[PDB]
Structures are given as structure tokens and as C-alpha cells.
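Student: Below you'll find the sequence and an experimental structure to go with it.
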Amino acid sequence: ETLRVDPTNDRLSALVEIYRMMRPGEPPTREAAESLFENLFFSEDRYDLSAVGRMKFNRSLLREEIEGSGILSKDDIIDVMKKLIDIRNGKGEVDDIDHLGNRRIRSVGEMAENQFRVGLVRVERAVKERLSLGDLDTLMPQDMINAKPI
Amino acid sequence: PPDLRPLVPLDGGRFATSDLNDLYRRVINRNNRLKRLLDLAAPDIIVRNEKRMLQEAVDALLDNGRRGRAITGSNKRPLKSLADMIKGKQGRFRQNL
Amino acid sequence: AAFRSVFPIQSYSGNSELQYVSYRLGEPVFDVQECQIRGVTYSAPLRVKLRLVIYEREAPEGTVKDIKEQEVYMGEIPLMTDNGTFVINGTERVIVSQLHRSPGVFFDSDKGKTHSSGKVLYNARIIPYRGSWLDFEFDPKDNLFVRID
Amino acid sequence: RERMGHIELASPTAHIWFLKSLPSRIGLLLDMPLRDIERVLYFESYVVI
Amino acid sequence: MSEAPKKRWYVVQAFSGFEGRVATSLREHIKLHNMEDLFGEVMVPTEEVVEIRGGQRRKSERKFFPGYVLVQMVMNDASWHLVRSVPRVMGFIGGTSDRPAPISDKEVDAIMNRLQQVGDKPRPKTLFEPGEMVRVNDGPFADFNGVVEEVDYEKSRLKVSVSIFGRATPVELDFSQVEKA
DNA sequence: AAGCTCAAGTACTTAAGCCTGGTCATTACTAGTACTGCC
DNA sequence: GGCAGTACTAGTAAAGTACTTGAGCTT
RNA sequence: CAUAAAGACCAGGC
């Protein structure tokens, strides 16, 4: 009944609506509607659930292994929503918010990393253009990288 | 009033003035333009370009923010209007009381 | 662990491969006692080893080369005193650790339906650190919705 | 300080307190739209009811 | 496209003194579409700097319209929406705050003609001395003038009548020494 | 067809004293001009 | 000596209220 | 007698 009130019918109009909700006026292009949704929950440069958060994420779904990637996958959210339906029907109970398996201390070095990854995603866009601004192979010291956005 | 807006320097090459010094200087430069450019004495169906500039000049004395704010270079804050000193759009109503 | 997200860069007609070795800090500015008695900012530059190679496809000129620089200056991060405090401009600084809810999935009671009655509903909320939100809530019409950002 | 001067404006202008306010003083008494026509005529290019 | 596109223009109410790099920032933000898609031409009536020359009197005024950009782009209604999306622009101009009304091209060229029109009547053109009409700039009779009454192309001389002391003084001068009326 | 009220939808709201501390930066990008090096 | 490149420097990019309004239901 | 701006944010007392 969510599908019946769903206006979209395929992958394309879903990406059009996901761009259009993130200013409800227009469809962007062919390419930016893909790149924005890939930069919502499936790319480290805009969405990093850092590598501890995968380990805490696996215990919320009773997974066996604890290692994995930082960004989410297409199999995780469906398995979460199954547990949402199961808690709605009556089986199972709520989870503990304040338990320390969920309530985690973030260290000072990890905070410096989380204030350095902001400059990394800008300086990657710097080295993209300064790959083309280099003459032949002089782009190591300064013609590649800037210390201003970091 | 003349002495209500002084023009003294702060220290060296910097200044501390009111935000009314940038707004009363515009309304007067958008006043005689409709009088003598525009020497007509026309039907009112012709002229557009001046009251779009003069009304734009007096709106910054009226209100900034209800359609379009008035900002300065490297400043994403509206110019402190005469109503904005009373109602405190920038949060200075929490500073007046 | 954050360096290795920006090294594979793939430009069409460039064929660039950037491989990493290690980071080594350079020299500091002064010691731990001149940052209080003086106006020492103590901005230690961060220099990083790099290994890049180029295979250009624009026009064959017959000249190819691989010039390698040992250290390149990127960023100005402060360092740590022998106890564990920082300095940036003039003063001593300590960053407090952060404790909040996990980057995962949760199942609380309800939110949003405090205006109406809001009888039985269950819902999920995810807290990321950067990006957009992702919620999955219900309505009195028994339909599952989504909230992004 | 006490003495005043006045600026002769050739064309008169509006007071936006009487315009963007929801109880429109020139929309209720004088039967125009209270919000719509004010965002149609004043700043824009509709001419000399 | 199946139907031929028809490009139109609009007017962009922005800040005064804040306009030319808003056009440059239209080039910045709306970069990288490999085309010739939507933009036809940008029109910048202001200059990014100012001239030392201003009004002759402080009573005398300007016909300039600072902060009013004119951009060509199809939606139909495009080039005030996506020009306010470039920052330091006051609003959205025309029919309503989401939908401008279209104007013709000749009205746009007339808005350019309001820029091109200058204040050419405080009535001076001098470039002129008591003779009628030339400009001598050499020797004794510099900053004076007259008429070459007898032209000598073979001798390369011009017999110019200088009105000094209220009296004509016909003197023969070179082509490089004078400027022809 | 006119119209009359009703309900959901929407935007907007104002955040219970005063007091000093220290600090921190007041803008970094574009355009024109002037200076210097090379042909 | 003249022209072009570039660097320096001065303008300049939570949980509620009211209130609106769209729609469903009658003379 | 005149000068130390304005504002933001944080910490602190009760």
C-alpha cells in the first residue's frame, strides 16, 4: 500500500524525485540524479559511517561477522525494515538507546579525522582540475594540491 | 538628524558608522533623476527605470528581509534598518531588553 | 584510514596511478614552553610521501618522464604536548571527546505525532555524521513512509 | 540637532508596513487582493485601477 | 528537439555595485554542460570598476541602471530563477515571485539604448579657438585657427587666418602643424 | 451552480536574569594597473 | 624601445498557536 | 579630559 501511493514506477523517476525533493521544481539531467543519490548513502566523500559503525551496525541485525565497509549497501536497509515490520506486528521489543554497545565515545584523534575528511573531499576536487592544469609532469609540489581548503 | 550620525574614525584606517549613511545617500541620488533626465512632464505610461531604482532605495530604509535583504561585501547579514532596531531581526531584540 | 579515499584518481586520457607509502611529520616550530611565554602559534606542517605515475594520451611527443618528490606540504595541523594539550593561536587547547548515539539503526517508540493523539506506531531513526537523514515511520493509515534530511 | 529638513521626492513611494502585513490596509477597504496583487503591481512592470 | 527552440530574455533585480561578478558567477556555477544548451548571451550593463570621470555637476545625474542583469535562457521562465540561485541577487522580477512575464528582443535592445544614452547637453565642443574652424598645435599660433583660403597641395602649405587681437592674420602652415576642419 | 462550513495543511512562532572572562577575525576572489623581462 | 606576462592591490562574491485553504456536502 | 567598535561563539558563577 506504500507502492500504491508511490508515483514512481522504475529507477529513473525515483532518481528524478530524489533530486527534486533534495526544491520541488524540475528534473536535473541524466547524470546528476544518479550522482546525488550515490552521494547520499553510497559514497565515502559525502556519507561515512566510519569503520566502527559497521561493527556496531552488524550487531543490530544479529550478523555473524563484524568487519565490512563504511558506506551502506543495498541489503542492509531491507533487513532493517523487516525488523521494523516485526516490531510493529508484536514480536520482539524496543532496543536500548543508552546502552554502551550503542552509546560510544569518539576519541580526539577520530575527531581530528572527522575535521580533516572535510578538507579531503575538497582537495580531491582540487587535484581533479590540477591534473589538467599541470604542464607535463611538474604537478607534484604545488601544481596539484592546495593547503587552503584543509 | 546631523549629529545623530557622526563620521569619526575608529582607530587608524578603520571606521564605525551607522548603516543609514549608505541609504540616505542613495534616495537623494535617485530623486532628481526623475525630475530632469526625464525632464518630462510625460504621461505616466512611459517611465519605469527610475522608481524601480528609487523604490529600491527607500525599501532599505523601510524593511530588509521581507522580500529581499540588503547585504554588504563579505557580510551575509541585512543592513540594520530603522524597523530592525526595534523588532530585532538579527537577534538584537534579545539585546535591547 | 582517511588518506586512502583520495589516492585512486581516474581521469580519462590521463591514466594516473597514485600509490601511498607512509606519512612522516616534519620539524616542529618550537618546544612546549615557548608557546606560553611567547606568542608562538606552533603550526607544524604535515608532509606526505607520494608515488604517482603518468601515461598521457593527448598527442605522442616521444617524451615521457616520472619525476618524484619526496615530501609535499599539505595542511597545517597542530601537534600534542607531552601531557595531551594542543595550541593553535595563543592559548592552550583540549578537544573534548564526543559521546552520542551510534551510526546504525534503532527502533524507538514514536516521534512527530505529538500534535494529534498518536496511538500505536513504531519507527526507525538513523544518525549519520555527514550527509542526510533516513527515517522510516508509520501513519494512522498503516503506511510506511520515509524522511531524508 | 533639533532642527529638521525635508527631501522633496518627485514621485511618492509606499510604506511596506501597509503592504506585506496580512491585514492589508489597501486590500480590505479598497477591494483589491490583500496579498496577491501587491506582489504583482508594486515592484514589477505593470502600468497605468 | 522536435519543435524549434525560441530563446527569450528577462531582467534581474540585483544589488547595485554587485553585478558583474554575479554574471561571472553565472559562468562559475552554470559551467560544464559542453554546450550552448540554454544560455544565449549575457548582458552586463555595469562595469566591474568605475571611471574617474563622473557627472559634470553634482546636480547632474546618471541614466545608469546598476544591478539589473539581462540573461537569455529558456524554461520559458528561467533567467531570474537560475540567476538568483547565483548569490547576491535581490529577488525573483515580473509576473510573480515564481513566474516572470516574457518580453521581446527590441525592448531588450531599448534597455541597452537606455545604457548607451549619455548626457550630451551641457552644450560644449571645443576643440575650438576664435577662427573657423581648424586646430593649429605648432609654433607661434598654437591653440589658434582659421580657414585655409588657398590650398597648396604642391607646396604642402595651408594659409590659415588666425584671429588674434580681433583681427585676421592669414599665415601659411603645414598639414602636420594644423588639424583640418 | 452557488455556496457554506469543516477539516487537514501550512507557515510561523518565541526559547524562564545579569555578569564578566578570553578570543577572533573583520574577505578571499577577480580586474586593472604598473613593473619588469625579453625580443 | 615596445609588448606581454605576472604580481600587487583595491573593489568586490520540541510542540504549540493562529491562519489559510481546498474540498465535501447541502438549497 | 578623550580613546579603547559592533557582533558571533565558547567557558564560568548562581
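Tutor: Looks like it came in fine. Numbering: from 1, shown residues only, chains lettered A, B, ... in the order given.
Student: Next, count neighbours for residue B:34.
Tutor: 19 (other Cβ atoms under 10 Å in any protein chain shown). For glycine as for every other residue, the C-beta is placed from the backbone atoms N, C-alpha and C.
Student: Pull the contacting residues for residue 86.
Tutor: Defaulting to chain A. Applying Cβ atoms under 8 Å, 6 or more residues apart in numbering or on different chains to residue A:86 gives the contacts residue A:92.
Student: wrong chain, I was asking about chain B
Tutor: Contact analysis of residue B:86 by Cβ under 8 Å, 6+ apart lists residue B:96.
Student: A helix includes it, no?
Tutor: Yes - counting by DSSP: H, G, I helix; E, B strand; the rest coil, residue B:86 falls inside a helix.
Student: give me phi/psi at residue B:15?
Tutor: Residue B:15 adopts backbone torsions of phi -140, psi 150, taken as degrees, to the nearest 10.
Student: partners of it in the sheet?
Tutor: residue B:9 (DSSP bridges).
Student: What distance do you get for it to residue B:1?
Tutor: 20 Å (Cβ to Cβ, to the nearest Å).
Student: Please enumerate the helices of the chain.
Tutor: No chain in the question, so chain A it is. Along chain A, the segments classed as helices by DSSP state H run A:11-21, A:32-41, A:51-59, A:76-89, A:108-114, A:117-132.
Student: hm, I was asking about chain B
Tutor: B:24-27, B:32-36, B:51-62, B:84-87, B:93-96.
Student: what about residue E:159, which SS state?
Tutor: From three-state DSSP, the assignment for residue E:159 is strand.
Student: One more: residue C:74?
Tutor: Going by three-state DSSP: residue C:74 is strand.
Student: Relative to the centre of chain C, find the outermost residue for me.
Tutor: residue C:117 (42.5 Å; Cα atoms, centre = their mean).
Student: so how far is residue B:69 from that one?
Tutor: Counting by Cβ to Cβ, the gap from residue C:117 to residue B:69 is 41 Å.
Student: likewise residue D:42?
Tutor: 17 Å.
Student: Show me which of the two is the more surrounded one.
Tutor: residue B:69 (19 against 16).
Student: Contact partners for the more buried one?
Tutor: B:78, B:79.
Student: re the thing from before, for residue B:73, which of the helices of chain A is the nearest?
Tutor: helix A:117-132 (23.5 Å; Cβ to Cβ).
Student: The residue of chain C found nearest chain A: neighbouring residues, count only.
Tutor: For chain C, the nearest residue to chain A under the criterion Cβ to the nearest Cβ is residue C:103, separated by 3.3 Å. Neighbour count of residue C:103, defined by other Cβ under 10 Å: 21.
Student: ok, it touching residue C:128?
Tutor: Yes - contact status for residue C:103 versus residue C:128: in contact at 6.1 Å, counting by Cβ atoms under 8 Å.
Student: Wait, residue B:88 touches residue B:81, no?
Tutor: No - Residue B:88 is not in contact with residue B:81 according to Cβ under 8 Å; the separation is 11.0 Å.
Student: show me where chain D has helices.
Tutor: Under the criterion DSSP H, helices of chain D are mapped to D:38-41.
Student: so what's residue 146 up against?
Tutor: Using chain A. Contacts of residue A:146 (Cβ under 8 Å, 6+ apart): A:123, A:126.
Student: not what I meant, chain E
Tutor: E:131, E:132, E:134, E:160, E:161, E:162, E:163, E:168, E:169, E:170.
Student: Now do the shared contacts for residue C:103 and residue C:128.
Tutor: Common neighbours of residue C:103 and residue C:128 (Cβ under 8 Å, 6+ apart) are residue A:49.
Student: And what about the closest residue to RNA strand H within chain C, helix, strand or coil?
Tutor: Chain C approaches RNA strand H most closely through residue C:96 (8.4 Å), counting by Cβ to the nearest atom of the strand. When classified by three-state DSSP, residue C:96 comes out as coil.
Student: In space, not sequence, find me the middle residue of chain E.
Tutor: Centre-nearest of chain E using Cα atoms, centre = their mean is residue E:116, 4.6 Å out.
Student: Get me the contact residues on chain B for RNA strand H.
Tutor: Contacts of chain B with RNA strand H, taken as Cβ under 7 Å from any atom of the strand, map to B:8, B:10, B:11, B:16, B:90, B:91, B:92, B:95.
Student: can you put these in CSV and add neighbour count?
Tutor: Converted to CSV, the residues of chain B next to RNA strand H look like this (neighbours: other Cβ atoms under 10 Å in any protein chain shown):
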residue, neighbour count
B:8, 7
B:10, 9
B:11, 7
B:16, 10
B:90, 14
B:91, 7
B:92, 14
B:95, 8
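Student: Can you add distance to DNA strand F and give the residues you listed back as JSON lines?
Tutor: Below are the residues of chain B next to RNA strand H laid out as JSON lines (distance: Cβ to the nearest atom of the strand, whole Å):
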{"residue": "B:8", "distance to DNA strand F": "16"}
{"residue": "B:10", "distance to DNA strand F": "9"}
{"residue": "B:11", "distance to DNA strand F": "9"}
{"residue": "B:16", "distance to DNA strand F": "9"}
{"residue": "B:90", "distance to DNA strand F": "13"}
{"residue": "B:91", "distance to DNA strand F": "9"}
{"residue": "B:92", "distance to DNA strand F": "11"}
{"residue": "B:95", "distance to DNA strand F": "9"}
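Student: quick one on the thing from earlier: possible to save the helices of chain A as TSV with distance to residue E:175?
Tutor: Supplementary listing: the helices of chain A in TSV, determined by distance: least, Cβ to Cβ, whole Å:
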stretch	distance to residue E:175
helix A:11-21	72
helix A:32-41	67
helix A:51-59	87
helix A:76-89	89
helix A:108-114	79
helix A:117-132	57
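Student: In TSV: those helices, plus distance to RNA strand H.
Tutor: Output for these, formatted as TSV (distance: least, Cβ to the nearest atom of the strand, whole Å):
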stretch	distance to RNA strand H
helix A:11-21	29
helix A:32-41	28
helix A:51-59	25
helix A:76-89	33
helix A:108-114	15
helix A:117-132	18
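Student: Find the nearest non-adjacent residue to the residue in chain A that DNA strand G sits nearest to, please.
Tutor: When distances are taken as Cβ to the nearest atom of the strand, chain A reaches nearest to DNA strand G at residue A:135, 11.3 Å away. Nearest residue to residue A:135, sequence neighbours excluded (Cβ to Cβ, 6 or more residues apart in numbering or on different chains): residue A:143, at 7.8 Å.
Student: re earlier: out of the helices of chain A, which gets nearest to residue C:108?
Tutor: Closest of those to residue C:108 is helix A:76-89, at 10.3 Å (criterion: Cβ to Cβ).
Student: what is the orientation angle of that closest one with helix A:32-41?
Tutor: 60 degrees (axes from the mean of the first three to the mean of the last three Cα atoms, to 10 degrees).
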